[PDB]
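K.L.:
The structure is given below, and queries will be raised subsequently.
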Amino acid sequence: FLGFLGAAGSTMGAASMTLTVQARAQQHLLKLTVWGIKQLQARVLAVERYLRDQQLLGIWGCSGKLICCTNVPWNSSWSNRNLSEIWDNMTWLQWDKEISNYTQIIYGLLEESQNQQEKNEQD
Amino acid sequence: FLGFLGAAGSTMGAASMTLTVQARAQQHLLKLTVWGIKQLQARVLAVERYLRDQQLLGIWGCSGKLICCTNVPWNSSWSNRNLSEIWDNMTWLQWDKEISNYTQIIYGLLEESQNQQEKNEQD
Amino acid sequence: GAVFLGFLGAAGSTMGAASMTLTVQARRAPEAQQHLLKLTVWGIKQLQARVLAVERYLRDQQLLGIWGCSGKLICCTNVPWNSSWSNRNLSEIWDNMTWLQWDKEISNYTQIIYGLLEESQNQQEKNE
Amino acid sequence: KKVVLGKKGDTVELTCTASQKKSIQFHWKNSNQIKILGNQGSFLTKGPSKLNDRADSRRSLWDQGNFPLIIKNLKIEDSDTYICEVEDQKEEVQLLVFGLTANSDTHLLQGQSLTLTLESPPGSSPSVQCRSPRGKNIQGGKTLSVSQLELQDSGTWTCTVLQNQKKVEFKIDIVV
Amino acid sequence: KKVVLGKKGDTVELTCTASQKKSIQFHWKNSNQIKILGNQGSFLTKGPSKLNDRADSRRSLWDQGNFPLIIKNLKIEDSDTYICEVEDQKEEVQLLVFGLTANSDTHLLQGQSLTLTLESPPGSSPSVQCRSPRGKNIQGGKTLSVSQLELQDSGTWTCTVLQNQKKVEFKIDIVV
Amino acid sequence: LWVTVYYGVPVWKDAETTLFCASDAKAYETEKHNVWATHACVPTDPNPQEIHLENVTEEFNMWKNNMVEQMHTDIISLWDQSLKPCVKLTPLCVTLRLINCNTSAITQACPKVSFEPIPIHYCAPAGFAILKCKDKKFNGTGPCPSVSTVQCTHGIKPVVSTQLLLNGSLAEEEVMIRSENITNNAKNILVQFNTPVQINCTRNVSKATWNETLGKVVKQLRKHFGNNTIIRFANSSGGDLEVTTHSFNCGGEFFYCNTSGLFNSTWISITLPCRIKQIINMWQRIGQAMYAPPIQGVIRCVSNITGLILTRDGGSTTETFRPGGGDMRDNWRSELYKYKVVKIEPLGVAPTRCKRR
Amino acid sequence: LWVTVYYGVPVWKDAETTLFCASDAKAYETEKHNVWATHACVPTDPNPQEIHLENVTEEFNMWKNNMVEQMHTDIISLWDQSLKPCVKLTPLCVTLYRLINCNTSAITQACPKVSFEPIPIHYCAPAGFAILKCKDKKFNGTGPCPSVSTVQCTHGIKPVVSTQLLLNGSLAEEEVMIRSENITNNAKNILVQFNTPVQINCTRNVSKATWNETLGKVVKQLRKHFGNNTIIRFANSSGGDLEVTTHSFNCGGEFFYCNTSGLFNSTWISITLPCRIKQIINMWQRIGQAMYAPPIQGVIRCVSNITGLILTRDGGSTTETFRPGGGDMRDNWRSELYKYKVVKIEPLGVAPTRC
Amino acid sequence: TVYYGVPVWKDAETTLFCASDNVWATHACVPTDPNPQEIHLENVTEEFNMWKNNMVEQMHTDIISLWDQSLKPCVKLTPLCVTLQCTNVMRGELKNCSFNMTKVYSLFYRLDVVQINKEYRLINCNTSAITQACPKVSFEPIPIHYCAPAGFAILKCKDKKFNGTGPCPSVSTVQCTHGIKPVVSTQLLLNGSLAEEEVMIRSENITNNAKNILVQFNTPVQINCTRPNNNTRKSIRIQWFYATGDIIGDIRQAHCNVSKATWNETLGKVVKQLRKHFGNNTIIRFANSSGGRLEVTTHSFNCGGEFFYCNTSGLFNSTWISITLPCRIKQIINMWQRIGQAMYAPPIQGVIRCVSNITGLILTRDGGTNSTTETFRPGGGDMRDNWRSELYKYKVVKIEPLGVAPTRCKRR
Ligand SMILES: *[C@@H]1O[C@H](CO)[C@@H](O[C@@H]2O[C@H](CO)[C@@H](O[C@@H]3O[C@H](CO)[C@@H](O)[C@H](O[C@H]4O[C@H](CO)[C@@H](O)[C@H](O)[C@@H]4O)[C@@H]3O)[C@H](O)[C@H]2NC(C)=O)[C@H](O)[C@H]1NC(C)=O
Ligand SMILES: *[C@@H]1O[C@H](CO)[C@@H](O[C@@H]2O[C@H](CO)[C@@H](O[C@@H]3O[C@H](CO)[C@@H](O)[C@H](O[C@H]4O[C@H](CO)[C@@H](O)[C@H](O)[C@@H]4O)[C@@H]3O)[C@H](O)[C@H]2NC(C)=O)[C@H](O)[C@H]1NC(C)=O
Ligand SMILES: *[C@@H]1O[C@H](CO)[C@@H](O[C@@H]2O[C@H](CO)[C@@H](O[C@@H]3O[C@H](CO[C@H]4O[C@H](CO)[C@@H](O)[C@H](O)[C@@H]4O)[C@@H](O)[C@H](O)[C@@H]3O)[C@H](O)[C@H]2NC(C)=O)[C@H](O)[C@H]1NC(C)=O
Ligand SMILES: *[C@@H]1O[C@H](CO)[C@@H](O)[C@H](O)[C@H]1NC(C)=O
Ligand SMILES: *[C@@H]1O[C@H](CO)[C@@H](O)[C@H](O)[C@H]1NC(C)=O
Ligand SMILES: *[C@@H]1O[C@H](CO)[C@@H](O)[C@H](O)[C@H]1NC(C)=O
């Protein structure tokens, strides 16, 4: 999980190109049992968090795809700039700031995207 | 991350929405290590069960998705009744009894329909 | 946790038997010698095996989603089927060739095979 | 309607088989639906009847799927139907028990009449032909009266109970 | 601005208020922004003032949200405003002290004038309303000339000196 | 009319699973029950996270349970390993319908050791959970209005007793009487008392406490019946001596207490004549056991009477219920009634509301 | 413009959750420090992974950092486990201004002589989180760091309790540094980090002319913040409880408090410090007092290096005087971990690829 | 197109861990798992070469690592090596030694101590610091299972004719290996695992003289050797150092008893199989130990922590056409043929009785005597083969279920 932010501070295009491929006596006894329990609890928490993120991405229809396009258009009524300016001038780190005021719309579109995909499959 | 349990006996349709965003000192050490391992087994077993479920949904042709629709008919012999009333005054727990004797059958037919669909798409 | 399996019969015969097998797959501590802590240790070993199994499955699934499969046991690609590498008859390599020795014959160049598969998925990407 | 006849004082065997071989709960009910005997776990409980000391069961065969009921020191009133319900079936068994004995203890001489007593059970159609091997193939009902007492008038042969093509054997006490 | 009044040597309990009840770092400052008393974790420190040997705080009350300041043996030159800095407040409290004494403890006759001494704090505006048990509410300056000595002149007085509607009971040494 | 497949829905299913025991074994006692608990039982849960479920209707069947049979086998293992029969006679008794058949005698280590029944909780393994319906008006079959999921059952004492359940659980509202099928006899009666009935056994039952409980049970029976044909307690039916007598073990000695006097009341302090026998028949399996003579030390045993077992009689007036027992499965049924193992299955099947091809 | 989802974009947001301790506890030591470490920590990873980041600027605030609160609570628990006071008073004073006697509860506990030896400790964020580390040596405590680097486990911190002098860890990398929330405000503490440690030996004594040189470096750094006038002065400690007035610390044996007048008596334009072991203390963990057993007869010698200073300037009315008075232990733990911040990974996004 | 979920194994290398049931011979290893799972594999022929196999290489690594870990814990005897004034006291060959500590008397054998310049000293104490053998620890062999960590499987070949190489008819997957007896033995194997009724000979290259020949008998043969020695033990300060004590009674060379009939019959089976390997017409002979470094010439073994060197050259020499046996003991040590420190094992008080079963034997074929006589002199000294013999059937594997195979598919 901390590997991803290695790409931060780079132009969003190069960041996404990189995103296309990321990972492609009692002394011993106590070491084995309690230390192992906690160390392994950490790994289980890691896999559970990753599975939660994967599930959330799955509800939107893009299961197991790092990059994908959903048929809902971008909400343009609120202020937004042109695509070429977006992908080049900025980088992903401050791109969270541009949508932080959209956080409610974020929570909208994050659910809205899945609502569109399920309405297309149901219709 | 698991979503094992959920809403109680209620209109199964409303519960249909609820799942979508529902979840996605030490005196003696020997008591902790033999009991913590059991709860850790429970968590990893739930994770493996979720992975198996997603795998089965995938071989049915819809992996990741939570509300999967594909072409497969509702056979009349499967305790046919008015759909509306099952939606209003029926819950998942009570409805599990009415479809238990047909569960393997519908699994098999959905499976061969998925096989036919992928064969037709390929050829 | 699908990494656990032992059936290896389809190797000599048609691979399709393995295809049926994978589809089927898809669907106390006496304390006399302090056996309590011993059972905890063995349970730790087994549960570690399970968590490493699921981690390995996800590691393979990330790579399989790099190509256009992402969890499908039976994937499909547009790369040429041999004709440049192990140009043996399809019948013998699907019905006579043992799975393990077949996989060695492939691992001669399996890395470039994966590379061409990734290129295939890349071409499928943004096809539009 | 399987039926057995005892000696009215002997030990008779009644068995109901369970093909499941599990040693499970069973009881015994009479024609009035009164418990007489059964198991509770791995024990033996006798139902509140008038035959508590008189009847019992063979515990050893319960594990192998045989659950019997054995009555000792039989008598006339013991003749009634019984039922097994080992899992759910009501396997019925008919019991008609009665004996035939003598009453003329010592007042017998050359030519005097001897008397026999037969316990006629209510609700039956028997025909007693209790005989002897020495030559007394006599036919009679309750009383066995013979004008002359020769050597061919004593002994005990196969007693013909004759209840629906079933035959048993018991003793007749007469000696010469 | 809360104002408290002293008796030239008594104890004064200035109070802050912890709106959080968490005992978080605070500091007691004076008008010249010189530290007097301060919290450091769970200890207690004193800054470089004229009250280092005099300042004190009831330590036990901090955990409940009370941060008192105690100045025993108060002197007039120490009359200055004090400020808490509990979390972000600049709660300003003022302390005023002036001592009523008599230069002639015993040199007095029947009808001889009497001289009182009020060591007032410089830069202050006291209102000396000496509420004397003779019925003479004397409105005067630093000294009060008593032109007559009667037998009723005994008893401790209460020269309630008001300053911006701030009153407090007073026990001055007038004994006969 | 095309079915789809929803996921994550709440669906439960009855299943049979092996269960693991969680007993609070001190492990530093010479008594064999505790060392067995260390031998095959895990310690108890540090903190039980019982999750209440509302608006849940769950068909509870206390007689079609699995914990009762699992703990039956486990407690047989307990009694064989701990209270070892130092003369044990068992009929191997091979078949060949009549067949003569043999008995084998086995000798063992034979120490006179006190039996202290510490509670033995039962916990379902990973992936399954036990369900308890907390309604105080459970009648043994049907829906339980309130149901809560838990991982470990309440602590049970593996008591062994006949005609009187000892050290058992207490009913909350009424002294409940439960039978699988009450309309006809040959089915046991299971009673749960609100208040424990103290007893004293030495080598007496307090009156005015047992009498009021009998009044409560006859009130409950007349509630179940038509207020007529008054139930009166009577003698033991007869048969094997263990079932006819109040048989129980504490301190390693088998005490058989005649209970006819207490079941001698007709409804519209008392001392018990207890005895000790060297020859027993094990509840675990068919056979007979011989044990060592009792220790000279006076054995004082005080145990609450919590449950009572009866049997009905067929009739052509007043009801007479005979003391029953010997079926230890029914005994631990009375304590583990409100429990049911279940497995969760998120996958489900859907209505026709879709058209996608 | 069509919204498309990306998984794994390098996006983080600042947020606190519970961190987990990591210590290479030997677990075969009877000292209660290793006992606590092995009870409630995990072994350090043999291969810590630190990926450097380029062209990234993050705003660090050590003063408002909240991981320090977690470490302070954890060490409070550690001290409750390790040093068991066999006379303990804790004010209750239930309130319905000295309304009641507020009588101190008088818990009495076991009084064993257990060695208390500090051991290195690491804090690692739970999975799904990152611990940023500012590598810039010019970091003045608050504001942006031009260069940052991510590592799951911070550098080994020795949890060491001490007033008036930090010691046993956290050496400065390049230059002596001065940090403060508000250097103008007198109340806020001033943390000073030493580039070179000065060895201090205390026995049942500090190296001179190395203390002098470090002090000169400190006054230079202070003048850098000030106007090069108002000559810095050190003097008698301010006054108050013994723990703050004099250098208080413990090393295996009983804690002791040492006069530091010789240490701070210079005005900038071998040193022996009288130290007294006391059994009567004011607990730093919570308000109250404690009494301990008399110290062991065996000679106890402690070797340490004074890597840090805590100074508070006098009130303004000229010249500036600094006195050592750091008692709030949160300050000591802010000094060691001034450059670490907990942050949460949020690897999702939205972009206009036009399908 | 890819076929996920397919069973494939690539022979790999992984660090297996202990499974044991103060003494360093039984150190804190993991307890042996309670229900070792075993799954048979039908129709699976797995290639093997336990000479070159990855399991044997990595097992050498694991064995060497564990022996290194297991040697250190005992305390050392670094400075005690000094000049010693000793006088000699079936020649006994025992020297009583005095060293000036303020003089102390101790007992050393002739072979452990050589002349220096009467004046006597240890062979290599100056060159290599000598290590004392801890009295608490005892040198005892126990069955040690080997377990593969998670993600690795252990393959076991259950074939009687296996010979350790080539295809194996029946194979199985096992979590933990069967108990391995770590036993020190040269030109011979003690208390090892019983072999198949037919006798196996294994060699990396049958023609090569350099490659050793290892033979496993079908039936164990009794090898019990006794040393009737009544020794004592002394507390001589260096810190209380603990050394050899005075002797009561008469010393005897440890005599070992072997049944001549069963030994002859086992080697008769052996020469039958050797005729199979080298030609029945060829006449096969046996000879005594070849020679070389004293340790490798003689059979070296340990009982009760005491090492006896059976240089019973008559036993290995069995001249053919195709009883009690004396032995010495040693107190100075070169174990695993290490050039480093030499630990020192002082004697244990009381008679030493060692009972064991002969389970194997190692020879080295003479260079070719071509088809006329095939002398097979006992060869050994490499401790690799002893553990190598016990686990010929085991290998490590990893699973890579990512098969790719060419099938027709168009899709989109
Ligand atoms: C039901 O619960 C009750 C508790 O409510 C429980 O009763 C307990 O039984 C045990 C077993 O006898 C009692 O333990 C006894 O304690 C005394 C005093 O400590 C011991 O001396 C006894 O052991 C000795 O007994 C002999 C003397 O007669 C000695 O000769 C012999 O060597 C033993 O050392 C014995 O252990 C315990 O006190 C009671 N608790 C009470 C009455 O509250 C009962 O067992 C449970 N089960 C049943 C079926 O009743
Ligand atoms: C900072 O780090 C230094 C690193 O050196 C550390 O110094 C240690 O302090 C202790 C206590 O002052 C020193 O004292 C003794 O060292 C010996 C040998 O290691 C130990 O055996 C001692 O432990 C026992 O001592 C008593 C002897 O009678 C026993 O009664 C008692 O119960 C103890 O078990 C004790 O540790 C130690 O030598 C140094 N150095 C090292 C390397 O430990 C210092 O404590 C740290 N903290 C501070 C605030 O300076
Ligand atoms: C469990 O609960 C059940 C409630 O549903 C109890 O029901 C019992 O069911 C049996 C049915 O076998 C009843 O027995 C009678 O069956 C006859 C059958 O008709 C003819 O058969 C007999 C000969 O076999 C003959 O004698 C009859 O006269 C008839 O000619 C019916 O006709 C009767 O009406 C009656 O149904 C039982 O009577 C009935 N129980 C009660 C109390 O009514 C069942 O008893 C319960 N079981 C237990 C173990 O508790
Ligand atoms: C228990 O109550 C249910 C509720 O409908 C009923 O069906 C059942 O017969 C009752 N059982 C008994 C034994 O009363
Ligand atoms: C400073 O003290 C520490 C003990 O905490 C020690 O490890 C280190 O070597 C000393 N010197 C330096 C330069 O850090
Ligand atoms: C050395 O020890 C042996 C055995 O105790 C003894 O026989 C011999 O006399 C000793 N040597 C000397 C010189 O005392």
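Following the order of the structure tokens, first chain is A, next is B, and so on, with residues numbered from 1 inside each chain and ligands from 1 in the order they appear.
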Do you know which residues are within 9 Å of ligand 6 using only C-alpha atoms and all ligand atoms? Can you write them as a PyMOL selection string?
P.N.:
chain H and resi 86-89+94-98+105-107+245-248
K.L.:
Pick out the residues no farther than 7 Å from ligand 1, counting only C-alpha atoms and all ligand atoms, and list them as a list in words.
P.N.:
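Within the 7 Å cut-off, the matching residues are residues 114, 115, 116, 117, 159, 160, 166, 167, 248, 249, 250, 251, 295, 296, 297, 298, 299, 300, 301, 302, 303 and 304 of chain F.
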K.L.:
After least-squares alignment of chain B to chain A over all Cα atoms in order, what RMSD do you get?
P.N.:
3.4 Å
K.L.:
Excluding residue H:84 and its own-chain neighbours fewer than 2 positions away, which residues fall within 6 Å of it when counting only C-alpha atoms? Please give them as a VMD selection string.
P.N.:
chain H and resid 98 to 99 119 to 121
K.L.:
Go ahead and save the residues from that selection, with N, CA, C and O atoms, as a short mmCIF file (atom, residue, chain, number, x, y, z; two decimals), in the first residue's frame.
P.N.:
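Result file follows (result.cif):
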data_model
loop_
_atom_site.label_atom_id
_atom_site.label_comp_id
_atom_site.auth_asym_id
_atom_site.auth_seq_id
_atom_site.Cartn_x
_atom_site.Cartn_y
_atom_site.Cartn_z
N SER H 98 50.68 -33.22 34.69
CA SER H 98 50.67 -32.20 35.73
C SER H 98 50.92 -30.84 35.09
O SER H 98 51.80 -30.71 34.24
N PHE H 99 50.13 -29.85 35.50
CA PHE H 99 50.34 -28.48 35.07
C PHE H 99 50.33 -27.55 36.28
O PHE H 99 49.54 -27.71 37.21
N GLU H 119 57.68 -33.98 28.33
CA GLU H 119 56.85 -32.80 28.15
C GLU H 119 55.82 -33.08 27.07
O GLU H 119 56.16 -33.52 25.97
N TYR H 120 54.55 -32.83 27.40
CA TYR H 120 53.43 -33.24 26.57
C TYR H 120 52.46 -32.07 26.41
O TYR H 120 52.43 -31.15 27.23
N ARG H 121 51.68 -32.11 25.33
CA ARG H 121 50.72 -31.05 25.07
C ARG H 121 49.67 -31.53 24.08
O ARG H 121 49.87 -32.51 23.36
#
K.L.:
Give the strand (DSSP E) residues of stretch 232-328 of chain H, as DSSP finds them on the backbone, and put them as a PyMOL selection string.
P.N.:
chain H and resi 232-237+240-247+255-257+284-285+299-303+306-310+324-325+328
K.L.:
Return the single residue from A:70, A:79, A:116, A:63 that is closest to chain G, with distances computed using only C-alpha atoms.
P.N.:
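Closest to chain G of all the choices is A:70.
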K.L.:
Please identify all protein, DNA and RNA residues within 6 Å of ligand 2, counting only C-alpha atoms and all ligand atoms, and report them as a list in words.
P.N.:
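Checking only C-alpha atoms and all ligand atoms against ligand 2 at 6 Å gives residues 114, 115, 117, 118, 168, 249, 250, 251, 252, 298, 300, 301, 302, 303 and 304 of chain G.
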K.L.:
Step by step, measure atom-to-atom distances between ligand 4 and each residue using only C-alpha atoms and all ligand atoms, keep those at most 7 Å, then write them as a ChimeraX atom specification.
P.N.:
/F:139-142,178-182
K.L.:
With only C-alpha atoms as the counted atoms, please give the residues lying no more than 10 Å from residue B:103, apart from itself and same-chain residues fewer than 6 positions off, as a ChimeraX atom specification.
P.N.:
/B:78,96 /F:348-349
K.L.:
Hey, can you check how far atom CA of residue D:155 sits from atom CA of residue D:130?
P.N.:
10.0 Å
K.L.:
Determine which residues of stretch 28-110 of chain A receive a DSSP assignment of helix (DSSP H, G or I), computed from the backbone, and state them as a VMD selection string.
P.N.:
chain A and resid 28 to 59 83 to 88 92 to 100 103 to 110
K.L.:
Could you produce a table of the residues of chain D lying within 12 Å of ligand 3, with the nearest pair of atoms per residue and their separation in Å rounded to one decimal, using only C-alpha atoms and all ligand atoms, ordered by chain and increasing residue number, as a Markdown table?
P.N.:
| residue | atom | partner | partner_atom_place_in_ligand_line | distance |
| --- | --- | --- | --- | --- |
| D:25 | CA | ligand 3 | 49 (C) | 11.4 |
| D:26 | CA | ligand 3 | 49 (C) | 10.5 |
| D:27 | CA | ligand 3 | 49 (C) | 10.1 |
| D:28 | CA | ligand 3 | 49 (C) | 11.5 |
| D:29 | CA | ligand 3 | 49 (C) | 10.8 |
| D:31 | CA | ligand 3 | 26 (O) | 9.0 |
| D:32 | CA | ligand 3 | 26 (O) | 10.3 |
| D:33 | CA | ligand 3 | 38 (O) | 9.4 |
| D:35 | CA | ligand 3 | 49 (C) | 11.3 |
| D:81 | CA | ligand 3 | 26 (O) | 11.7 |
| D:83 | CA | ligand 3 | 24 (O) | 10.5 |
| D:84 | CA | ligand 3 | 49 (C) | 11.4 |
| D:85 | CA | ligand 3 | 49 (C) | 8.6 |
| D:86 | CA | ligand 3 | 49 (C) | 10.7 |
| D:87 | CA | ligand 3 | 49 (C) | 10.1 |
| D:88 | CA | ligand 3 | 49 (C) | 8.7 |
| D:89 | CA | ligand 3 | 12 (O) | 9.4 |
| D:90 | CA | ligand 3 | 12 (O) | 8.1 |
| D:91 | CA | ligand 3 | 24 (O) | 10.0 |
| D:92 | CA | ligand 3 | 24 (O) | 9.1 |
K.L.:
Let's have the selection written as a short mmCIF file (atom, residue, chain, number, x, y, z; two decimals), in the first residue's frame, with N, CA, C and O atoms.
P.N.:
data_model
loop_
_atom_site.label_atom_id
_atom_site.label_comp_id
_atom_site.auth_asym_id
_atom_site.auth_seq_id
_atom_site.Cartn_x
_atom_site.Cartn_y
_atom_site.Cartn_z
N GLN D 25 -33.77 -45.21 21.24
CA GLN D 25 -34.89 -45.27 22.16
C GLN D 25 -36.00 -46.17 21.62
O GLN D 25 -36.36 -46.11 20.44
N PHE D 26 -36.55 -47.00 22.51
CA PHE D 26 -37.71 -47.81 22.19
C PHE D 26 -38.49 -48.06 23.48
O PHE D 26 -37.95 -47.93 24.58
N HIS D 27 -39.76 -48.41 23.32
CA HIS D 27 -40.63 -48.71 24.44
C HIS D 27 -41.53 -49.87 24.01
O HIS D 27 -41.41 -50.40 22.91
N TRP D 28 -42.46 -50.25 24.89
CA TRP D 28 -43.45 -51.26 24.55
C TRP D 28 -44.81 -50.79 25.05
O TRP D 28 -44.94 -50.40 26.21
N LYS D 29 -45.81 -50.84 24.18
CA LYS D 29 -47.17 -50.45 24.52
C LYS D 29 -48.11 -51.63 24.33
O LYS D 29 -47.89 -52.49 23.47
N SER D 31 -52.39 -53.07 24.23
CA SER D 31 -53.59 -52.71 23.48
C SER D 31 -54.28 -51.48 24.05
O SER D 31 -55.05 -50.83 23.34
N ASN D 32 -54.02 -51.14 25.32
CA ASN D 32 -54.59 -49.96 25.95
C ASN D 32 -53.64 -48.76 25.91
O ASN D 32 -53.94 -47.74 26.54
N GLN D 33 -52.53 -48.87 25.18
CA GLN D 33 -51.52 -47.81 25.09
C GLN D 33 -50.86 -47.54 26.44
O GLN D 33 -50.55 -46.39 26.77
N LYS D 35 -47.51 -48.18 28.69
CA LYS D 35 -46.11 -48.58 28.63
C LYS D 35 -45.86 -49.77 29.55
O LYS D 35 -46.39 -49.83 30.67
N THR D 81 -52.12 -57.84 22.95
CA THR D 81 -51.26 -57.35 21.88
C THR D 81 -50.21 -56.38 22.43
O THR D 81 -50.41 -55.73 23.45
N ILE D 83 -46.80 -53.59 21.05
CA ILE D 83 -46.37 -52.74 19.94
C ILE D 83 -44.94 -52.27 20.18
O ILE D 83 -44.56 -51.95 21.31
N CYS D 84 -44.15 -52.22 19.10
CA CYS D 84 -42.84 -51.59 19.09
C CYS D 84 -42.88 -50.37 18.17
O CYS D 84 -43.55 -50.39 17.14
N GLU D 85 -42.16 -49.32 18.55
CA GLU D 85 -42.13 -48.07 17.80
C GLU D 85 -40.69 -47.56 17.70
O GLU D 85 -40.40 -46.39 17.95
N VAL D 86 -39.79 -48.45 17.29
CA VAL D 86 -38.36 -48.23 17.52
C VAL D 86 -37.88 -46.91 16.90
O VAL D 86 -37.22 -46.11 17.57
N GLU D 87 -38.20 -46.64 15.62
CA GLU D 87 -38.12 -45.23 15.24
C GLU D 87 -39.49 -44.59 15.06
O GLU D 87 -39.85 -43.68 15.82
N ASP D 88 -40.26 -45.05 14.07
CA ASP D 88 -41.60 -44.54 13.83
C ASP D 88 -42.63 -45.61 13.50
O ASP D 88 -43.83 -45.33 13.60
N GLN D 89 -42.22 -46.81 13.11
CA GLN D 89 -43.17 -47.83 12.71
C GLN D 89 -43.82 -48.43 13.95
O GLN D 89 -43.19 -48.53 15.00
N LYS D 90 -45.09 -48.79 13.83
CA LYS D 90 -45.80 -49.44 14.94
C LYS D 90 -45.87 -50.95 14.71
O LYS D 90 -46.94 -51.52 14.49
N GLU D 91 -44.71 -51.61 14.77
CA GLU D 91 -44.67 -53.05 14.57
C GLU D 91 -45.47 -53.76 15.66
O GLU D 91 -45.10 -53.73 16.84
N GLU D 92 -46.56 -54.39 15.26
CA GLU D 92 -47.45 -55.07 16.18
C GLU D 92 -47.01 -56.52 16.38
O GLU D 92 -46.37 -57.13 15.52
#
K.L.:
Quick one: pull the distance between atom CA of residue E:16 and atom CA of residue E:128, Å, one decimal.
P.N.:
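Between these atoms lies a distance of 29.3 Å.
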K.L.:
Collect all residues with atoms no farther than 10 Å from ligand 5, counting only C-alpha atoms and all ligand atoms, and output them as a PyMOL selection string.
P.N.:
chain G and resi 118-120+157-158+160+167-171+195-200+302-307
K.L.:
Fewer than 5 positions away in the same chain doesn't count, so skip those; otherwise give me all residues within 7 Å of residue B:12, counting only C-alpha atoms, as an mmCIF file with C-alpha atoms, in the first residue's frame.
P.N.:
data_model
loop_
_atom_site.group_PDB
_atom_site.id
_atom_site.type_symbol
_atom_site.label_atom_id
_atom_site.label_comp_id
_atom_site.auth_asym_id
_atom_site.auth_seq_id
_atom_site.Cartn_x
_atom_site.Cartn_y
_atom_site.Cartn_z
ATOM 1 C CA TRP B 87 -40.703 -8.435 -2.688
ATOM 2 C CA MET B 90 -40.876 -12.042 2.267
ATOM 3 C CA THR B 91 -37.371 -12.017 3.723
ATOM 4 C CA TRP B 92 -34.150 -13.741 2.734
#
K.L.:
Within 9 Å of chain A, which residues of chain C come that close, and what is the closest atom pair and distance in Å for each? Count only C-alpha atoms and give it as a Markdown table.
P.N.:
| residue | atom | partner | partner_atom | distance |
| --- | --- | --- | --- | --- |
| C:37 | CA | A:33 | CA | 8.3 |
| C:40 | CA | A:33 | CA | 7.1 |
| C:41 | CA | A:33 | CA | 6.0 |
| C:44 | CA | A:33 | CA | 7.0 |
| C:47 | CA | A:40 | CA | 8.9 |
| C:48 | CA | A:40 | CA | 7.3 |
| C:51 | CA | A:44 | CA | 7.2 |
| C:54 | CA | A:47 | CA | 8.5 |
| C:55 | CA | A:47 | CA | 7.4 |
| C:58 | CA | A:47 | CA | 8.9 |
| C:59 | CA | A:23 | CA | 8.4 |
| C:61 | CA | A:64 | CA | 8.3 |
| C:62 | CA | A:64 | CA | 7.5 |
| C:63 | CA | A:24 | CA | 6.4 |
| C:65 | CA | A:64 | CA | 5.8 |
| C:66 | CA | A:21 | CA | 7.6 |
| C:68 | CA | A:65 | CA | 8.8 |
| C:69 | CA | A:64 | CA | 9.0 |
| C:70 | CA | A:64 | CA | 5.7 |
| C:71 | CA | A:64 | CA | 8.1 |
